[PDB]
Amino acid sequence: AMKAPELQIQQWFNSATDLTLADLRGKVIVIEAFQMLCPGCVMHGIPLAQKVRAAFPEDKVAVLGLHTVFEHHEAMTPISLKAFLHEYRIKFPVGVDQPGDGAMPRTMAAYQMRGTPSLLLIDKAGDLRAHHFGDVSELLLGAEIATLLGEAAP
């Protein structure tokens, strides 16, 4: 039906461990898929993910970044991303999506994302429940997160 595909991560930043979705079962998971050089991610996507992180507690809601480099690959390598996350004070876990055989990296391809910024919501069972591309109403995102937090744990 709707099981969220496993993350395929080359390298994690801001994380002691190699996080998987299975590690996060029982939490609502918000994934911000972004490119560090995408003006919409920097202006809207990343700040939204920071608002979510600030508005909901860690024990109930996981917020993750997924750096899905599908263009200008040499300009946005993990060494660039490391500096990005430092300069923009981004503290939540951020996974480098595993580069693919072509332009799109593996997690992006598995989720059939249209590009960036994309926001994915996974429920406590690990099912994919929303997938927003571009601008997101904060009111409606809040509504969706609440709907998922009000559901029973597996």
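Numbers for residues come from their place in the sequence shown, where the first is 1.
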| query | finding |
| --- | --- |
| Segment of higher mean CA temperature factor, 52 to 60 or 105 to 113 | 52 to 60 |
| 122 to 130 versus 63 to 71 - greater average Cα B-factor per the deposited record | 122 to 130 |
| Where the record places residue 93 (Cα B-factor, split into thirds across the chain) | lowest |
| Ranked against its chain, the third holding the CA B-factor of residue 9 | lowest |
| Assigned third (lowest, middle, highest) for the C-alpha B factor of residue 43 | highest |
